[PDB]
Amino acid sequence: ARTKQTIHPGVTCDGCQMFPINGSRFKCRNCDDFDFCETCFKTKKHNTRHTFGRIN
Ligand SMILES: [Zn+2]
Ligand SMILES: [Zn+2]
């Protein structure tokens, strides 16, 4: 059964252009408007001084 909504309306992964992001959203806390899907957050490097907040 579908028990949680996991689509993030209006949110594109900047790493892979997933749209909309399905699953956990990782928003950069330093960039104004930068987001990763989970695969990209675990897979792609960003700015080493930047940190992501998880939005599930
Ligand atoms: Zn992605
Ligand atoms: Zn950033």
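Just so you know, the numbers here start at 1 and follow the chain as drawn.
In case you wondered, yes, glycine gets a Cβ from its N, Cα and C as well.
Some features that Swiss-Prot has for this protein:
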- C13, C16, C37, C40: Zn(2+) 1 binding site (BINDING)
- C28, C31, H46, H50: Zn(2+) 2 binding site (BINDING)
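Selection of the binding-site residues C16, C28, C37, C40, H50 by a Cβ distance under 6 Å from ligand 2 yields, in sequence order, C28, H50. Of the listed binding-site residues, namely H46, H50, the sparsest CB environment within 10 A is found at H50.
In this structure, of the binding-site residues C13, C28, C37, the smallest number of CB atoms within 10 A of the CB marks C28. For the pair formed by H46 (Zn(2+) 2 binding site) and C40 (Zn(2+) 1 binding site), distance between Cα atoms is given as 10 Å, rounded to the nearest Å. Among the binding-site residues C13, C28, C31, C40, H46, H50, the residues whose Cβ lies under 6 Å from any atom of ligand 1 are, in sequence order, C13, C40. For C37 (Zn(2+) 1 binding site), the nearest neighbour among the binding-site residues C28, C31, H50, judged by Cα separation, is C28.
The two recorded residues, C40 (Zn(2+) 1 binding site) and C31 (Zn(2+) 2 binding site), show a Cα separation of 16 Å. Long-range Cβ proximity for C16 (Zn(2+) 1 binding site), meaning a same-chain Cβ under 8 A and a gap of 6 or more residues, is found for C37, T39, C40. Across the fold, the C-alpha of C13 (Zn(2+) 1 binding site) and the C-alpha of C28 (Zn(2+) 2 binding site) stand 11 Å from each other.
Within the set of binding-site residues (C31, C40), the lowest number of other Cβ atoms found within 10 Å of a Cβ is recorded at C31.
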